[PDB]
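Okay, structure first, notes after.
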Amino acid sequence: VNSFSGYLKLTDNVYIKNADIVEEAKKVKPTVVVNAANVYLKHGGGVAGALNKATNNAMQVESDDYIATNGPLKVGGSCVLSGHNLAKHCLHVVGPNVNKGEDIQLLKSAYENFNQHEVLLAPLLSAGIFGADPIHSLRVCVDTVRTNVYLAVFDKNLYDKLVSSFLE
Ligand SMILES: CC(C)[C@H](Nc1ncnc2[nH]c(-c3cnn(CC(=O)N(C)C)c3)cc12)c1ccc2c(c1)OCCO2
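Take the sequence shown: its letters are residues 3 to 170, numbered as in the entry's author numbering.
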């Protein structure tokens, strides 16, 4: 049903809210929820661990069967699988992990995957323990994504800093 509410409108197609992406998926019932994935789809930590636990491990079981036959994703790449009880589909997107020396330039490629979907509920790619500058990830999102993206950022201090810096 894609019933998003309580978002700040940053541009004509990018919205942001201080919220847990899991609670937003349960309220909104989106067509697509984006996972902040890694190349072997190991759903531990951050967004991935929270989405997988909210599916009672159904996401991990499906992802392990996908990887057994198809192998790992590339950094900047994505994979549509089931959204289970959270969404119709889950778009698993791998942003670069700059704390592990991956190329920050691939963050644009990671957000370009969003353009295949009319509307998405998504996290801020490559933030948290992946190490990218959040203000930079928000600018790449705004400059790259043309479809409707609703960003859920589960940290009030980070949310306030992003909004204040975007509005300068
Ligand atoms: C930057 C941060 C704030 C962001 N995290 C998040 N952004 C949006 N919704 C989120 N939910 C959770 C979460 C975790 N646990 N729970 C359950 C819970 O707290 N319960 C009490 C039941 C919910 C984290 C989260 C982020 C974004 C991208 C990343 C990244 C992290 O980790 C590495 C890859 O990429």
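By construction, the Cβ of each residue, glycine as well, lies at the ideal position given by its N, Cα and C atoms.
Nearest in C-alpha terms to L160, of all of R148, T149, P125, is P125. Residue pairing of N37 in beta bridges, as defined by DSSP: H94. About 11 Å separates the Cβ atoms of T149 and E114, ruling out a contact at the 8 Å cut-off.
The C-beta distance from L93 to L127 rounds to 11 Å, too long to fall under 8 Å, and the pair is not in contact. When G46, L88, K110, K29 are compared, the shortest CA-CA separation from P98 is found for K110. Annotation: the continuous beta strand (DSSP E) that includes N20 extends over 16-20. The Cβ atoms of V77 and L108 lie closer than 8 Å to each other. Around the beta carbon of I18, 16 or more other beta carbons sit within 10 angstroms, so the residue counts as buried. Here the alpha carbon of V30 sits roughly 28 Å from the alpha carbon of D67.
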